[PDB]
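Take a look at this single chain, the form deposited without the DNA, given in structure tokens.
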């Protein structure tokens, strides 16, 4: 839903990396959050929300 609420503005490379990490684990550690942010150059808050949102896609109810 990146057509109504603008915020998940990421790049193919960034999403690819994040997706790779998510494939291994739907969660995120402190070190991973800060590492991913520093590695790709994104806000830890954005990464955290991205993972939380990605997890909601699988587990509905």
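Positions refer to the first chain, counted from 1.
Although it is not shown, the form solved in complex with the DNA is what the next lines describe.
- At a distance threshold of 4.5 angstroms between non-hydrogen atoms, residue 14 is out of contact with the DNA in the deposited bound form.
- None of the heavy atoms of residue 37 is located within 4.5 Å of the DNA in the deposited bound form.
- For residue 52, a non-hydrogen atom is located within 4.5 Å of the DNA in the deposited bound form, even though that partner is not displayed.
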